[PDB]
Amino acid sequence: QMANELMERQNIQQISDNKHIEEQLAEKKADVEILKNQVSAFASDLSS
Amino acid sequence: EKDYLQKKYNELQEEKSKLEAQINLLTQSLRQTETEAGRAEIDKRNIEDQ
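Chains N and O are the protein sequences, given in the same order. For what it's worth, PDB author numbering labels the leading residue of the first sequence as 339, then goes sequentially. For what it's worth, PDB author numbering labels the leading residue of the second sequence as 299, then goes sequentially.
Next up, the structure:
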């Protein structure tokens with residue numbers, strides 16, 4: 339029982355790290371789309 | 299549960315490295331695109347002065 343408790347605590351810490359990484363990743367993909375759009379817009383500007 | 303969560307962590311970090319590299323690439327691309335747009339403005343300016 340005690341080992342189960344401790345390992346589940348460790349699992350929960352793992353999950354916290356995972357979801358922190360996940361929110362970072364959501365920010366990153368939003369940045370990716372925004373930056374692609376910005377690159378295309380400024381490329382069209384440069385074309386003109 | 300522990301092992302599955304660890305595997306998810308691993309693949310998640312893999313895709314995180316992928317997207318971080320892509321972000322660096324595209325941010326630098328936008329940087330240079332904007333700088334060259336400004337320089338194109340400078341070039342039209344010089345030609346019109348001539």
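We put the CB at the ideal spot given by N, CA and C, even for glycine.
On a CA-only basis, which of the options is nearest residue i? Give me that one, please.
| i | options | result |
| --- | --- | --- |
| O/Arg329 | N/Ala364, N/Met340, N/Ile350 and N/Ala381 | N/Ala381 |
| O/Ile340 | N/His358, N/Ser378, N/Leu384 and N/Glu346 | N/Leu384 |
| N/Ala368 | O/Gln320, O/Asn344 and O/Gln348 | O/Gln320 |
| O/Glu312 | N/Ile359, N/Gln376 and N/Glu343 | N/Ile359 |
Whole angstroms is fine: what's the gap from residue i's alpha carbon to residue j's?
| i | j | result |
| --- | --- | --- |
| O/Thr333 | O/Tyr302 | 46 Å |
| N/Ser378 | O/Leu323 | 14 Å |
| O/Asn308 | O/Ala335 | 41 Å |
| N/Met345 | N/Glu365 | 30 Å |
| O/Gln348 | O/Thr331 | 26 Å |
| N/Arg347 | N/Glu361 | 21 Å |
Give a yes or no on whether the C-beta atoms belonging to residue i and residue j are separated by under 8 Å.
| i | j | result |
| --- | --- | --- |
| O/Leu310 | N/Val370 | no |
| N/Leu363 | O/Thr325 | no |
| O/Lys342 | N/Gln352 | no |
In chain C, which residues lie with their C-beta within 7 Å of the C-beta of residue i?
| i | result |
| --- | --- |
| O/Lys305 | In summary, chain C is missing from the structure at hand, where the protein chains are N and O. |
Write down the C-beta distance between residue i and residue j rounded to the nearest angstrom, noting that I regard them as a contact closer than 8 Å.
| i | j | result |
| --- | --- | --- |
| N/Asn356 | O/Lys314 | Not really, about 11 Å apart at Cβ, beyond 8 Å. |
Check: Listed in chain order, which residues of the region 312–334 of chain O have Cβ atoms closer than 8 Å to some Cβ of chain N?
Finding: Contact annotation: in the region 312–334 of chain O, residues whose CB is within less than 8 Å of a CB in chain N are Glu313, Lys314, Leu317, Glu318, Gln320, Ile321, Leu324, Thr325, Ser327, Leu328, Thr331, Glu332 and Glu334.
Next item on the list: Would you list, in chain order, the members of the region 362–374 of chain N that have their beta-carbon closer than 8 Å to a beta-carbon of chain O?
Entry: For the region 362–374 of chain N, which is checked against every Cβ of chain O, the residues closer than 8 Å are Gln362, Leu363, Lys366, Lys367, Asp369, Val370, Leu373 and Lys374.
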